[PDB]
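Which chain is which? The protein sequence lines are A and B, in order.
Positions 323 to 436, 462 to 649 (UniProt numbering) are the ones given, in order, by the first sequence.
Positions 518 to 699, 706 to 773 (UniProt numbering) are the ones given, in order, by the second sequence.
Taking it in order: structure first as structure tokens, then the write-up.
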Amino acid sequence: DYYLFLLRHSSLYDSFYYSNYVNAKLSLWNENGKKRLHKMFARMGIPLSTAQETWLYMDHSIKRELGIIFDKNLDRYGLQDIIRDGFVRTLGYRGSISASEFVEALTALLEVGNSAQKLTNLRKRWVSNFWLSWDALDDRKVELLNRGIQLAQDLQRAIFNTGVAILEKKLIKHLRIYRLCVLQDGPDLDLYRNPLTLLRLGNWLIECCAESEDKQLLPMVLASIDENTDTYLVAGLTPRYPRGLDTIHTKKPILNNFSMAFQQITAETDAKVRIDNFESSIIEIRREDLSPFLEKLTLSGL
Amino acid sequence: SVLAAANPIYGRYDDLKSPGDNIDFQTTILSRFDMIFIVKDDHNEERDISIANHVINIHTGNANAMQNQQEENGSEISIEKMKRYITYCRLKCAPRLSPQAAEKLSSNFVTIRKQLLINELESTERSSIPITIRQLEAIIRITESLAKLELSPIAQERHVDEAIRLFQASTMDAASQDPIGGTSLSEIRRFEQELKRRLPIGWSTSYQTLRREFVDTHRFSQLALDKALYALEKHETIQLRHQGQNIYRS
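Next comes the structure, spelled out in structure tokens:
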């Protein structure tokens, strides 16, 4: 199997387009990335109109020869790390599924499904979504998995649409210690109230930043807005090494000091925060209180 | 069913001009129609602010989220479900009237017909928008459609009142919309002189006294009431409070 987004349920073109690793390696957010992708397809020999078809109806000959085509074409452009070995589950005549696709569907179904009062309502909706995802586990239900797959596709589209705008507007401010980015305004901001959706967006941004020529490993701070509450949901993210690296420079994973910094600043200043999430690196802060807090985080020992 | 869009002559309705020479449609064509709505433009900057806000929101950057919530909060249904529901209702239900509704419709029709005659005898020209038995059939059909909406096998007063309200709106907006079209004016200036002379700022008098005085004189009741309510329409020195009894001079 390959590091591809729903390969067996979407077209091969959409899979290559929305795959995060290929996005990072080929800079698909501008037009040169699309030109290089069309170069990829032309050199492999798959017709564009053929590659824009569903995997079920896509041609049997190239389905059989896909492995050899990849092995012979992907060496030039540095994508040879996409090939891996995965687990495939088949039960009856319903079809075949893979672990990566299953976990993507589960995560999407967790994300989307169905002051203090509205916070409680949001947490209750999250609990209900958890129950729905739990119920979807059994093999007797597949309308609760097709919906998850389509929701995963929609959420990945939305994340890509927001990330390209962030990258082109260059909102990533580079400080001396850590990078900072704040989503002040935009479309569909109401989706990012979910911590897992925010983490997905941050993971894509981290991959995009790591797949660059910069030689600085700095933590990234991401914030959002929910106008009904007038609060900033801030998440701290650790840097990541490129997936194509040896194990010698992997003595220990990068540690996360954001929770410690947050708790120290909260214990020394009277900020109107609410640190209650199980993930200690995700906090809720006030719009008026963010900026001084940030300054403190800048001036404190990390 | 025919749904027609039209523009009046000279672009904007030009209410200063007479209604007769603003519409070029004959009486025959207008009678077949039974719901005619005059959409006049207005300026008070508050409706304008609201419309500007709505358009800036309805741009694709925001509405694409907000409208979605309308299918998530149950406020609105999708178009295809509406099509299915409307074809199902068309196929299944066909309501019927009740004698009390018939009496109400008969009385309302007599009232509107008498009002039309009242306007016509003053304007001394034929009305540009007619009221016929076709209009009574139209109100009956509107009531039947309103009852058909909720699959009710019988139509009652709840739907009749709404149908009459809609018909009254579509009538007062177009047909009875300023029927005068703008003794002559000699009595008007004479009547404007006395109230300035005889009634100073801040005091008030009973409507009965003035009506009695200017029916005793040559003005008579027909000239006074129109003059009184148009002095009110001028709205710069005349104000009504306390029902129709207190003629307050602002």
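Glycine residues also receive a C-beta, built at the ideal position from the N, C-alpha and C atoms.
Minimum Cβ-Cβ distance from residue i to chain A less than 9 angstroms
i                     : result
residue 591 (chain B) : no
Top-ranked residue by Cα proximity to residue i, from the options
i                     : options                    : result
residue 495 (chain A) : A:382, A:549, A:430        : A:430
residue 624 (chain A) : A:566, A:582, A:472, A:391 : A:582
residue 677 (chain B) : B:770, B:562, B:657, B:547 : B:657
residue 542 (chain A) : A:427, A:411, A:638, A:469 : A:469
residue 286 (chain A) : A:367, A:346, A:573, A:401 : Absent from the structure is residue 286 (chain A), since the part of chain A shown begins at 323 and ends at 649.
residue 501 (chain A) : A:476, A:426, A:480, A:477 : A:426
residue 668 (chain B) : B:603, B:546, B:719, B:649 : B:603
residue 527 (chain A) : A:380, A:347, A:556, A:511 : A:556
residue 521 (chain B) : B:537, B:527, B:542        : B:542
residue 638 (chain B) : B:696, B:613, B:597        : B:696
residue 417 (chain A) : A:588, A:563, A:586, A:330 : A:330
residue 690 (chain B) : B:532, B:732, B:757, B:730 : B:532
residue 662 (chain B) : B:742, B:683, B:645, B:642 : B:683
residue 358 (chain A) : A:344, A:616, A:380        : A:344
residue 577 (chain B) : A:607, A:595, A:535        : A:535
residue 740 (chain B) : B:728, B:713, B:764        : B:713
residue 725 (chain B) : B:526, B:699, B:762        : B:762
residue 535 (chain B) : B:693, B:759, B:728, B:711 : B:693
residue 637 (chain A) : A:627, A:568, A:626, A:591 : A:568
residue 401 (chain A) : A:374, A:558, A:574, A:538 : A:558
residue 375 (chain A) : A:332, A:547, A:350        : A:332
residue 609 (chain A) : A:529, A:575, A:497, A:640 : A:640
residue 463 (chain A) : A:575, A:350, A:486        : A:575
Counted within 10 angstroms of its Cβ, other Cβ atoms place residue i as buried (16 or more) or exposed
i                     : result
residue 630 (chain A) : buried
residue 655 (chain B) : buried
residue 618 (chain B) : buried
residue 671 (chain B) : exposed
residue 570 (chain A) : buried
residue 559 (chain B) : exposed
residue 560 (chain A) : exposed
residue 513 (chain A) : buried
residue 544 (chain A) : buried
residue 687 (chain B) : buried
residue 588 (chain A) : exposed
residue 482 (chain A) : exposed
residue 503 (chain A) : buried
residue 478 (chain A) : exposed
residue 620 (chain A) : buried
residue 598 (chain B) : exposed
residue 737 (chain B) : buried
residue 601 (chain A) : exposed
residue 561 (chain B) : exposed
residue 422 (chain A) : buried
residue 413 (chain A) : exposed
residue 347 (chain A) : buried
residue 680 (chain B) : buried
Short of 8 angstroms Cβ to Cβ, which residues in the segment 552-586 of chain B face chain A?
Per Cβ criterion, the list reads 578, 579, 581, 582.
So if I threshold CB-CB distances at 7 angstroms, which residues from the segment 525-537 of chain A count as touching chain B?
For the segment 525-537 of chain A, the set of positions with a beta-carbon nearer than 7 angstroms to some beta-carbon of chain B reads 534, 535, 537 in chain order.
Quick check for students: name the residue ranges of the alpha helix (DSSP H) that lie wholly in the segment 494-524 of chain A, counting only runs of 4 or more.
Runs found: none.
Ignoring anything shorter than 3 residues or poking outside the segment 569-630 of chain A, list the beta strand (DSSP E) runs there in chain order.
Qualifying beta strand (DSSP E) stretches, in chain order: 578-584.
May I have a chain-ordered list of the alpha helix (DSSP H) segments no shorter than 4 residues that lie completely inside the segment 709-746 of chain B?
DSSP assignment within the segment 709-746 of chain B yields the following whole alpha helix (DSSP H) runs of 4 residues or more, N-terminal first: 709-721, 730-739.
Quick one: complete alpha helix (DSSP H) runs, 4+ long, within the segment 563-626 of chain B?
Secondary structure remark: continuous alpha helix (DSSP H) runs of at least 4 residues inside the segment 563-626 of chain B, in chain order: 563-575, 577-589, 596-609.
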